[PDB]
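Here the structure is laid out as structure tokens; the discussion comes afterwards.
Derivation of every value follows stated rules applied to the coordinates shown; laboratory data play no part. Because the Cβ atoms are built from the backbone with ideal geometry, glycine has one as well, and the counts that use them run over all protein chains shown.
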Amino acid sequence: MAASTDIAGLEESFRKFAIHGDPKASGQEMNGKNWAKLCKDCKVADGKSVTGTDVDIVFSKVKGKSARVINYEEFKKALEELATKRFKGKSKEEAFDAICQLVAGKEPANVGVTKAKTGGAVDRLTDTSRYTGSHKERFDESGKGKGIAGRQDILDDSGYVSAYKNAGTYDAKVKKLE
């Protein structure tokens, strides 16, 4: 419903964790830490279906462009993932709205805030972030790569079997000389 302002509350909670640190980011992306906490605060990572590691895996999968952070589109794509982890078997819409229902409205803090005062953030060398002078996203929002380039998911093999062993000074799997 409404291809733009779909859920609202979910988008609000996204901002809550997105602007965690920098309020000028608006709410375009989210890093692995804030995303990990997002699941924790909303207890989407229940441990029985979705564990901490699995949450980091999803984040490491959907991103694609290396990226310390994922954009809103890939966030709602990640939600579909965790949704199918728990609410699978039901209606696609219900599963998606359900997982969002467990998140929407809350902020990065289970009643009490997380005491983290100890990490030296005094590294203000001006070069750090810098805003005006470093770099901003170039206009490539219209023409992006469908599946990055070659789709690229997993190239996992049985373990590379060599005839009667030996082969070439033992199993030199892409060992420098190839």
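Of the residues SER66, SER134, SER60, which single one is outside any loop (DSSP other than H, G, I, E, B) and either loosely packed, with under 13 Cβ neighbours inside 10 Å or touching a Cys at 6+ places or on another chain (Cβ under 7 Å) (or both)?
Working: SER66 fails: outside any loop (DSSP other than H, G, I, E, B); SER134 fails: outside any loop (DSSP other than H, G, I, E, B).
Matching residue, one of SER66, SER134, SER60: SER60.
For the subset of region 100-113 comprising residues that are assigned to a loop (DSSP other than H, G, I, E, B), surrounded by 10 or more Cβ atoms within 10 Å (Cβ to Cβ) and of a type outside the set (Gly, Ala, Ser), which member is farthest from the chain's Cα centre (by Cα)? Can you show your working first?
The first filter runs over region 100-113 and keeps only residues assigned to a loop (DSSP other than H, G, I, E, B), leaving 102-113.
Checking the rest, the ones that are also surrounded by 10 or more Cβ atoms within 10 Å (Cβ to Cβ) come to 102-110.
Add one more test, that the residue is of a type outside the set (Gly, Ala, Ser), and what stays is 102-103, 106-108, 110.
Numbers: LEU102: 18, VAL103: 16, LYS106: 19, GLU107: 18, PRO108: 16, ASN110: 21 Å.
Top of the filtered list is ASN110.
So if I check each of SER4, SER66, which one is over 14 Å from the mean Cα position of the chain (by Cα) and among the hydroxyl-bearing types (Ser, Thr, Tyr)?
Matching residue, one of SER4, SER66: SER4.
Among the residues of region 1-42, write down those that are of a type in the set (A, V, I, L, M) and outside any loop (DSSP other than H, G, I, E, B).
Answer for region 1-42, where residues must be of a type in the set (A, V, I, L, M) and outside any loop (DSSP other than H, G, I, E, B): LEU10, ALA18, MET30, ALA36, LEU38.
Quick one: count up the residues across region 150-171 that are among the aliphatic types (A, V, I, L, M), in a loop (DSSP other than H, G, I, E, B) and either touching a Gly at 6+ places or on another chain (Cβ under 9 Å) or over 30 Å from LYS61 (Cβ atoms) (or both). It would help to see each step written out before you state the result.
In the first step, residues of region 150-171 are kept if they are among the aliphatic types (A, V, I, L, M); the result is 154-155, 161, 163, 167.
If we keep only those that are in a loop (DSSP other than H, G, I, E, B) too, we end up with 154-155, 161, 163.
Right, trim to either touching a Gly at 6+ places or on another chain (Cβ under 9 Å) or over 30 Å from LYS61 (Cβ atoms) (or both) and you get 163.
The number of residues fulfilling the criteria is 1.
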